[PDB]
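Undergrad: as they sit in the full assembly, here are the leading chains:
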Amino acid sequence: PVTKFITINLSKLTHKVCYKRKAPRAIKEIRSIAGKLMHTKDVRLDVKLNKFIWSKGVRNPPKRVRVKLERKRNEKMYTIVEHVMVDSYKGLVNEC
């Protein structure tokens, strides 16, 4: 099992969807990408991250977000994905 720190460009993900559904769909893409990364159907998603994304309304995303993913057993197996607070995302490559 593993804990990783990644940077998601939300802008590319959010591109195709209408204003009303941008932030919900981006959240769905976040769960989908995290699932894909950790190989987990059960992706438990931070309310604080959602709030951080949704804070300038559903009409627009943050361009770039740093997410922390934790793969956790308790067969059964899930991940927890959560917000990381930082000023800007300049040069912030992915890491474990």
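TA: Okay, I see it. Residues are numbered from 1 along each chain as shown, chains lettered A, B, ... in the order given.
Undergrad: the lengthiest strand in chain A: partners in the sheet, and parallel or antiparallel?
TA: Identified as the longest strand of chain A according to DSSP state E is strand A:64-72. If you go by DSSP bridges, strand A:64-72 pairs up with strand A:3-9 (antiparallel), strand A:78-83 (antiparallel).
Undergrad: quick one: which of those strands is nearest residue A:21?
TA: strand A:3-9 (18.3 Å; C-beta to C-beta). Using the backbone N, CA and C atoms, a C-beta is placed for each residue, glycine as well.
Undergrad: got the contact list for the closest one?
TA: A:30, A:33, A:37-38, A:63-71, A:84, A:89, A:92-96 (C-beta atoms under 8 Å, 6 or more residues apart in numbering).
Undergrad: pull up the distance across stretch A:74-90, start to finish.
TA: Counting by C-alpha to C-alpha, to the nearest Å, you get 35 Å between the two ends of stretch A:74-90.
Undergrad: mind listing residues that contact that stretch?
TA: A:5, A:7, A:30-31, A:34-35, A:38, A:40-46, A:48-49, A:52, A:63-72, A:92.
Undergrad: do stretch A:13-21 as well
TA: A:22, A:25, A:26, A:29, A:30, A:33, A:58, A:59, A:61.
Undergrad: one step back: quick check: ChimeraX command selecting the buried ones in the contacts of stretch A:74-90.
TA: A single ChimeraX command selects the buried members of the contacts of stretch A:74-90 (16 or more other C-beta atoms under 10 Å):
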select /A:7,30,31,34,38,40,43,45,46,49,65,66,67,69,71,72
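Undergrad: could you also fit chain B onto it:
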Amino acid sequence: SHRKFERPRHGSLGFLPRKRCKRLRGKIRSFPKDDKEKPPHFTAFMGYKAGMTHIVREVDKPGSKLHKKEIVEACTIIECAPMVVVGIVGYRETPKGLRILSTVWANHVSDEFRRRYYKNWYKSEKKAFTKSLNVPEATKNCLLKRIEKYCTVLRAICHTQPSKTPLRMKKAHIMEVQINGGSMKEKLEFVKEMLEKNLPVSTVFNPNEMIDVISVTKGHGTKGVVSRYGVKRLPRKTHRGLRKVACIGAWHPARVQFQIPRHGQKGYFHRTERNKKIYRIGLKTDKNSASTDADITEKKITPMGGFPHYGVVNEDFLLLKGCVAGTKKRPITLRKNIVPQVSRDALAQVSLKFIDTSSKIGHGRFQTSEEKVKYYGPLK
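TA: With chain B added, the chains above now look like this:
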């Protein structure tokens, strides 16, 4: 009763069905015809459309309104990795058409060639061409002798080298090329000697030649009749729609008379564009490949920021006059004219004044990054 006012029908009947092509690769319908006096030579070549640029050219055109004065013209650029010949095909004339007798292969083949046969190259044990790894040279010679004796048309099995390209695909396109010229024996000697070598476009073509262009068009899916066929749009008042169809027609036939315009596929059609002049055959190792007698300045063909969705030119290339069917990145098939074109324009020898290398993404003026930097100056 007859129509009150006459007006030509919408679109050509002769290009029904307006449907998808069954291959990505262009398909040559017919090859150049007999010329025993001419020496054996290749008829065709596949290359990849990289994009478009514009040119400045000096014009002769006797008695023209423009006449002596210089023109600016659009042109296409086609990156052309050298094709490799891997097989020989022997065809024989029958009242049922041309029939293959046999094919003779090279003494080794590329991985890229083998990749085209495998649907799952990654998850396979790659056993193709391994019993047929080798046979006696006597067997090969007998087949060649047999083909000379009985066959009356020779084609060479050639393939593309996509490994010399930036494209996602790693599968080669494999292709027959008819050889036109002298005796079957002289042709056979020519193909055998050429075989394992790589063929630049300069080995096949000359600049200033008029060339026939074979390609599948850019897609669009299933479209309405207005888009597909260009009919006059419906009135402002309608019960339903405005891109909605006209009347289909008469009660007799008691069936839809097939000549009516209809909704359906638009683009991804096979098409032959004819008589495109070669303005330059470029060289891979030339760093002056965009430059001219007027310019005389070191400068590669590659645009500022490169071609859209293709970037840098790194191999030999064909600079072709005017438009070419299909998407950028698409393979494009060049064929020699079935009877060589004879015209003023065909005979004429191009003198370029300028080849643009400005951006094709935004309105980026600069020919070079160096020019852009020179304009702007110091940076943080």
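Undergrad: the contacts of strand A:3-9 again please, this time with chain B.
TA: A:30, A:33, A:37-38, A:63-71, A:84, A:89, A:92-96 (C-beta atoms under 8 Å, 6 or more residues apart in numbering or on different chains).
Undergrad: can you do 10 Å?
TA: Contacts of strand A:3-9 with the rest of the structure, by C-beta atoms under 10 Å, 6 or more residues apart in numbering or on different chains, involve A:26, A:29-30, A:33-34, A:37-38, A:61-72, A:79-81, A:84, A:86, A:89, A:91-96.
Undergrad: go on, stretch B:136-144?
TA: Looking at stretch B:136-144 with C-beta under 10 Å, 6+ apart, the contacting residues turn out to be B:88, B:90, B:101-105, B:107, B:134-135, B:188-189, B:191-192.
Undergrad: among those, which are located in strands?
TA: Reading strands off those with DSSP E, I get B:88, B:90, B:101, B:102, B:103, B:104, B:105.
Undergrad: any idea how far residue B:131 is from the first one?
TA: Distance of residue B:88 to residue B:131, given as C-beta to C-beta, to the nearest Å: 19 Å.
Undergrad: quick one: which of those two has more around it?
TA: residue B:88 (25 against 8; other C-beta atoms under 10 Å in any protein chain shown).
Undergrad: just checking, the more buried one touches residue B:178?
TA: No - assessed by C-beta atoms under 10 Å, residue B:88 is found out of contact with residue B:178, at 11.9 Å.
Undergrad: returning to what we had before: and the longest strand of chain A, how far out from the chain's middle?
TA: 7 Å (C-alpha atoms, centre = their mean, to the nearest Å).
Undergrad: add RNA strand C to the structure above:
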RNA sequence: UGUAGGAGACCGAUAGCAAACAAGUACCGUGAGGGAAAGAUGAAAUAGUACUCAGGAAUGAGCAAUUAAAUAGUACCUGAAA
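TA: Let me add RNA strand C to what's already shown:
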């Protein structure tokens, strides 16, 4: 017509009174009014499905079980055709 008998070369549940029945009801109509569909397990349920197992439950299955009989289990006689 009301009540009481006695009847039949009458009908046999789409018939016979609208009504074999919790029907002049339900139900519909502002109202005057209009007005249905609707019977049968077995001899005996003081024989009406015990018990076990798998089921979240419904249910299902059973080496288990009533009956002469359960593709006889109460939407139960027979069970046609589509």
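Undergrad: same question on the contacts of strand A:3-9, but now with RNA strand C added
TA: With C-beta under 10 Å, 6+ apart as the criterion, strand A:3-9 contacts A:26, A:29-30, A:33-34, A:37-38, A:61-72, A:79-81, A:84, A:86, A:89, A:91-96.
Undergrad: and the next helix or strand after that strand, how far from the chain's centre?
TA: Counting by DSSP states H and E, the next helix or strand C-terminal to strand A:3-9 is helix A:10-14. Computed by C-alpha atoms, centre = their mean, the chain-centroid distance of helix A:10-14 equals 11 Å.
Undergrad: buried residues, stretch B:169-183. List them.
TA: Buried positions in stretch B:169-183, judged by neighbour count with 16 or more other C-beta atoms under 10 Å in any protein chain shown: B:171, B:172, B:173, B:174, B:175, B:176, B:177, B:178, B:179, B:180, B:181, B:182.
Undergrad: out of those, which one sits closest to residue B:263?
TA: residue B:173 (32.7 Å).
Undergrad: tell me the secondary structure at the spatially most central residue of chain A.
TA: With distances taken as C-alpha atoms, centre = their mean, the residue of chain A nearest its centroid is residue A:30 (4.1 Å). At residue A:30 the chain is in helix, as set by DSSP: H, G, I helix; E, B strand; the rest coil.
Undergrad: what do you get for residue B:185?
TA: Per three-state DSSP, residue B:185 ends up helix.
Undergrad: next one: the top strand by length along chain B to chain centre, how far?
TA: Using DSSP E, we find that the single longest strand of chain B is strand B:44-58. Relative to the mean C-alpha coordinate of its chain, strand B:44-58 is positioned 11 Å out (C-alpha atoms, centre = their mean).
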